[PDB]
């Protein structure tokens, strides 16, 4: 199975993503801070990271940069900041996608599927 790393500080959001991804047959691991995200990414090799922008310790931009030091694993950024600026900055840093909260669970699921399917190709 494909393993999704879900990093978000707010546990109710993380549980909804985890539950929906589990329904679809994904393995899921969670991190609730930027530092925890980076250690979980190195130790467990997720196939995709869902990455909140506002995290403890290290924010999502910083996490994304460290990941991109070493890998091309797809990154879908989540953000309450729905500015045009923030979306461009996330993508240029190395996000493969940028989704604002509130978001649709099905849309995120299909975005997860779409980016995992590219990795195959």
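Numbering follows the first chain given and starts at 1.
> With respect to the recorded C-alpha B factors, which stretch has the higher mean value, 91-99 or 40-48?
Replying inline: Per the deposited B-factors, the answer is 40-48.
> Of 77, 73, 63, 55, which one's C-alpha B factor is largest in the deposited record?
Replying inline: Top of the list by C-alpha B-factor: 55.
> Lowest, middle or highest third of the chain for the C-alpha temperature factor of residue 9?
Replying inline: Ranked within chain, residue 9 CA B lands in the highest tercile.
> residue 15's Cα B-factor: lowest, middle or highest third of the chain?
Replying inline: According to the entry, residue 15 has a C-alpha B-factor in the chain's middle third.
>> Is residue 22 in the lowest, middle or highest third of its chain when residues are ranked by C-alpha B-factor?
In response: Highest third, going by the recorded CA B-factors of the chain.
> When the modelled residues of the chain are sorted by Cα temperature factor, does residue 117 land in the lowest, middle or highest third?
Replying inline: Tercile = highest for this residue's CA B-factor.
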